[PDB]
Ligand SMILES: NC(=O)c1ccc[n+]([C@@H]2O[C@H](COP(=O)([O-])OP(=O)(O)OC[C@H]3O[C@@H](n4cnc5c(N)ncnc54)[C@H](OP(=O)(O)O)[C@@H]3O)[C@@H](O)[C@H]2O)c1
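Here you get one chain, nothing else, as structure tokens; it is the form deposited without the ligand.
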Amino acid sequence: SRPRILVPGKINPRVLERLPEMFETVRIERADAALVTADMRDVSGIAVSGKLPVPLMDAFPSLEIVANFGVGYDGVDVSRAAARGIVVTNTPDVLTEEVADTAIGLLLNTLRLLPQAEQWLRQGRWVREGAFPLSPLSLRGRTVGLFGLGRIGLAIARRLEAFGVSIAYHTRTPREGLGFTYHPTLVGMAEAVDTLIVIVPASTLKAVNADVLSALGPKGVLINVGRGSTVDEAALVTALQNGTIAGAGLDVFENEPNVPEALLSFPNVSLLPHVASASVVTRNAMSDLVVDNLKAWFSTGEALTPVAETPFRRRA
């Protein structure tokens, strides 16, 4: 019979629309083991956006595959899935250009204060008060340091080159044939650049700390489009308050959808609710890749975009 695919919690409707091509669908209102009933013993696969708790993942003896919606899969315990022989797929490549677009957008918005300028116009202030204040910052003359690279980092770099900015990067191992300036230390890169873009596609927990920010300097701008936990929140707030850095743009946070109240108060900070890939067309392509992974697995025994930790083939 049609394999049974569990979808816990909210997911893009396009996933649900396309699952019935090959599958029977099982929904639970939230990603919670307590919602699992006895008749779900025959679940073979999971399609999920966001957190997949280990107790839910391990409630299914026939589970073969976790199709993760998103290029990041921190919400899936990949080590535990790998240990149980469960293949894990993600959604790379189909969102790369979109995410890079958002990152440039965030950066331009952080530097030039375009959303505030728009707000100023919409509130009637252009007429009565005159011109929106001049943005203290600009992309002109800036040097960018990429913390992490990957296909997304390359895409961002490619865009930034066309803006006439120098590109540096920091990764554990350098890359051959690139033409960006490599830096074996983060702090050293931060010393050499005024704009730090956190991508981090290894542990980087609190890597962007008080010393990295201090090194970045008083014209320094931090853009986080990677992992919220990579940035030391308390250190960022202090640095913004003291003018140790000049500004920041953040698309990710430690405890989404909550955003620290202190960050909301700064006039030189741009904040987005994790919209990196959040267009209809890109989220549809991601939805298609989730489903196509499942279809490919169950029909050919080979997934399309398995994660690096699970290069598996189906046995049945």
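Each form is matched to the other, and the largest set of C-alpha atoms that superpose within 1.5 Å is called the rigid core. We number the residues from 1 along the sequence you see.
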> When the core is superposed, where do the C-alphas shift more in 5 other deposited structures of this protein: in 226-234 or in 166-174?
Replying inline: 226-234
>> Root mean square C-alpha distance from this form after a core fit in 5 other deposited structures of this protein: higher for 180-188 or for 204-212?
In response: 204-212
>> Neighbours in the displayed sequence, residue 201 and residue 202 may still hide a gap; how many deposited residues lack coordinates there, none, 1 to 3, 4 to 9, or 10 or more?
In response: 1 to 3
>> Which is higher on mean Cα B factor in this entry, 117-125 or 225-233?
In response: 225-233
> Averaged over C-alpha atoms, is the B-factor higher for 277-285 or for 23-31 in this PDB entry?
Replying inline: 23-31
> Which has the highest CA B-factor per the PDB entry: 250, 36, 291, 259?
Replying inline: 36
> Going by the entry, which of 40, 271, 63, 67 has the most elevated CA B factor?
Replying inline: 40
> Among the chain's modelled residues, which third holds the C-alpha B-factor of residue 209?
Replying inline: highest
> Against its chain's modelled residues, does residue 134's Cα B factor rank lowest, middle or highest third?
Replying inline: lowest
>> Can you tell me whether residue 110 has a C-alpha B-factor in the lowest, middle or highest third compared with the other modelled residues of the same chain?
In response: lowest
> Mind checking which third residue 47 falls in for C-alpha B-factor across the chain?
Replying inline: lowest
>> Ranking the modelled residues of this chain by C-alpha B-factor as given in the entry, is residue 143 in the lowest, middle or highest third?
In response: lowest
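Keep in mind that the form deposited with the ligand bound is not shown, yet the notes after this line are about it.
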>> Open or blocked? Place the ligand on this chain by superposing the surrounding C-alphas onto its site in the deposited bound form, and call it blocked when 3 or more ligand atoms come within 2.4 Å of backbone or C-beta atoms.
In response: blocked
> Only one of 137-145, 80-88, 221-229, 238-246 gets a heavy atom within 4.5 Å of the ligand in the deposited bound form; which is it?
Replying inline: 221-229
> Pick from 99, 167, 113, 213: which has a non-hydrogen atom within 4.5 Å of the ligand in the deposited bound form?
Replying inline: 99
>> Is the ligand in the deposited bound form close enough to 206, 208 and 269 that every residue in that trio has a heavy atom within 4.5 angstroms of it?
In response: no
>> I'd like to know if residue 197 sits close to the ligand in the deposited bound form, meaning any non-hydrogen atom pair within 4.5 angstroms.
In response: no
> Should residue 64 be counted as a contact of the ligand in the deposited bound form, where contact means heavy atoms within 4.5 Å?
Replying inline: no
> Is there a heavy atom of residue 128 no more than 4.5 Å from a heavy atom of the ligand in the deposited bound form?
Replying inline: no
>> I'd like to check something about residue 150: if you look in the deposited bound form, is any of its heavy atoms closer than or equal to 4.5 Å to a heavy atom of the ligand?
In response: yes
